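Listed here are the chains, written in short residue letters.
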Amino acid sequence: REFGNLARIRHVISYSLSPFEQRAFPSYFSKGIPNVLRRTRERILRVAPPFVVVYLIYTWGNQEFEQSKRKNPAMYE
Amino acid sequence: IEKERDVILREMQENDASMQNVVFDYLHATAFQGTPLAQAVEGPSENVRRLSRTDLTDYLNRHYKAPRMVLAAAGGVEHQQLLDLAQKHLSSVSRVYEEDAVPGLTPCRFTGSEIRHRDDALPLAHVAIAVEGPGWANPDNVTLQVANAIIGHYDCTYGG
C-alpha cells in the first residue's frame, strides 16, 4: 500500500543530484527542439489524417449548404 | 603480485559482503564525484587486475618521500634513542621526486547528491546522510564533535 512493500526491485542503482546544483533548463532549446520534432514525427500520422478529413468534411458541408441555398436557374418560368 | 591480486579480489568480495563499508564508499563516491575522493581505497576490480609492478614502483617512488613521513613512537620509548635510530635507518629515505614535479593536493568539490542501491532481498537497510565538513584545520571540528556527541550513537545491544 505505502512505500516499502510496493514492488520487488533488486540490483538497481539510482543516481541523482541536487536541484540547487543542477540547471533547471539544461539545453532547453538545442535539445528541446529536436525532441519535440521527433515526438511530432512519431505521432503525426495518427492525428493529422483524421483532422484533415474533418477539415475537408467541414468545407464540403459549408460549400454544398451554400450551393443548396443558391437559386437553381431551372425555374426561369 | 599475482598471489596478492587474488588476495585483494577475495578481500573485496568479503568487503562487499559487509554492508556499511559499501554505504560509506557509496557516500564518498556520490559526495566527491569527479574528484579523487570518490574512489575507494581498494580501487576497482579492473584496475586491480590490470595494474602491474611498474605502476606500483612508480607510486612507491612518487608518494614515499621523506617530508611526507612521520615516525611516531608511544610508550616506553626514549626520544633520543628514537632520534638516533631514525638517523641510523630512516636517513635519506627518498628525498628526491626524480622529476622535480611535486604533486599538489587540489580541493575536492562537494556536490549534494543521492545514490540508491536497491536490492530488496537484503534483510536490513543501511542509509547514510551527510553534508560537507570543515576539514582538519578548522576549529569548528570541536563544536561539530560536541553536536555529534549530543545526537550520538545507538544499537540494539544498549541497555539504556
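Residues numbered from 1 in each chain as written, not as in the entry; some residues may be left out. Chains lettered and ligands numbered in written order. Part of a larger assembly, values for the part shown. Heavy atoms only, no water.

1. Quick word on the overall build of chain B
At step 1: Of the regular secondary structure elements, chain B holds 6 helices and 1 strand.
At step 2: Counted from the first residue to the last, chain B has its helices and strands arranged as α-α-α-α-α-β-α.
At step 3: For 160 residues, the compact-globule estimate of 2.2 N^0.38 gives 15 Å, and the C-alpha radius of gyration of chain B, at 21 Å, exceeds that figure by more than 25%.
At step 4: Taking the principal axes of the C-alpha coordinates as reference, chain B spans close to 55 × 40 × 35 Å.
At step 5: Within chain B, the proportion of its 160 residues that are buried is 8%.
At step 6: For chain B, restricting intrachain contacts to residue pairs at least 6 apart in sequence, the fraction spanning at least 24 positions comes to 73%.
At step 7: For chain B, the computed accessible surface area is about 13600 Å², with 56% contributed by carbon and sulfur atoms.
At step 8: Put simply, chain B has 14 plus and 22 minus side-chain charges, and the middle of one group is 6 Å from the middle of the other. (Helix = DSSP H or I, 4+ residues; strand = E, 2+ residues; numbered from the N terminus. Rg over C-alpha atoms; globule rule 2.2 N^0.38 Å. Buried < 20%, exposed > 50% of the residue type's maximum accessible area, 1.4 Å probe, protein only. Contact = heavy atoms within 4.5 Å. Areas by Shrake-Rupley, 256 points an atom, 1.4 Å probe, with all protein chains shown as cover. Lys, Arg positive; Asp, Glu negative; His and termini not counted. Charge placed at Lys NZ, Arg CZ, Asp CG, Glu CD.)

2. Side note on the UniProt feature "transmembrane region" in chain A
At step 1: The UniProt feature table records "transmembrane region" at residues 42–60 of chain A.
At step 2: The span residues 42–60 of chain A carries 74% helix and 0% strand; its end-to-end C-alpha distance comes to 30 Å. (UniProt positions renumbered as here; feature names shortened; annotations may be inferred.)

3. Re the interface of chain A and chain B
At step 1: Counting from both sides, the interface comprises 13 residues of chain A and, opposite them, 14 residues of chain B.
At step 2: Both faces considered, chain A and chain B share a buried interface measuring about 1100 Å² in area, 44% of it formed by carbon and sulfur atoms.
At step 3: Its largest share of buried area at the contact with chain B, chain A owes to A:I9, A:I13 and A:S16, together 33% of the area lost on that side.
At step 4: Counting across the interface, chain A meets chain B through 1 salt bridge.
At step 5: The partner of A:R10 in a salt bridge is B:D119, with the nearest N and O atoms 2.5 Å apart.
At step 6: Split into classes, the residues belonging to the side of chain A that touches chain B amount to 6 nonpolar, 4 polar and 3 charged.
At step 7: Taken together, the 6 bridges between strand β1 (residues 12–17) of chain A and strand β1 (residues 113–118) of chain B define a ladder with antiparallel strand orientation. Bridging across to β1(B), A:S16 finds its partner in B:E114. (Buried area = accessible area lost by both parts, 1.4 Å probe. Salt bridge = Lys/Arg side-chain N within 4 Å of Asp/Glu carboxyl O. Nonpolar A, V, L, I, M, F, W, Y, C, P; charged D, E, K, R; others polar. Pairing = 2+ DSSP bridges.)

4. Quick word on the pattern of salt bridges
Residue and element names in this part refer to chain A.
At step 1: In total, this model carries 7 salt bridges over all chains according to the counting rule given.
At step 2: We note a salt bridge from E42 to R43, for which the minimum N-O separation is 3.5 Å.
At step 3: Using a relative accessible area of 47% as the deciding quantity, one classes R43 as partly exposed.
At step 4: A network of salt bridges, in which partner residues are shared, links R38, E42 and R43.

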